[PDB]
């Protein structure tokens, strides 16, 4: 199987986990701006498009940290070996969105082939989940390309035990000499602390400042 049961008994977060899961269930959202000045340059020297690269980079970062790939399966806590991005797609024609996923791959060119393929096949499918059930080993990525925002937060009526992170991007902006992308991260406190989210963001930024291949 593609996940491994986690050793809660010996975890340094064991008390945190029970506290934030059942005693005081909560989570948080944070919005920060990622500098994509370097990445804009890289993309310019290539044929990649922005959105597919950001999915790639975000999935890559998530796949490096266990605490972003936890879930409850059969009442037990597991870590997925790896997770695939579930991203939103906007249909111009109906002005509605759909959520799709494709397999992640550490090889950026194979990821692009996966993405183009999924898009080829469901570009005109206006169902909300054209592919049917969402694979359990997922992360959620959404984009609001039409507007910049300083904050985004999802108010959810019930989030018991849903630990996959939700990342939302807005339209980027030029702030002085920099091109900044607002990114909102929303997690559950049972599995993730402020530290973990900050480590994800610092890692993402690093990725944005590095060669693609």
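Positions refer to the first chain, counted from 1.
- Higher average CA B factor: 176-184, of the stretches 176-184 and 60-68.
- Averaged over Cα atoms, the B-factor as recorded in the entry is higher for 104-112 than for the other of 104-112 and 84-92.
- Take 153, 160, 32, 168 and read off each C-alpha B-factor from the entry; 160 has the highest.
- The entry lists a Cα temperature factor for residue 47 that places it in the highest third of the chain's modelled residues.
- The PDB entry assigns residue 97 a C-alpha temperature factor belonging to the lowest third of its chain's modelled residues.
- Ranked against the other modelled residues of its chain, the C-alpha B-factor of residue 39 as given in the entry falls in the highest third.
- Among all modelled residues in this chain, the alpha-carbon of residue 208 has a temperature factor (C-alpha) in the middle third.
- For residue 200, the recorded CA B-factor ranks within the lowest third of the chain. Only modelled residues enter the ranking.
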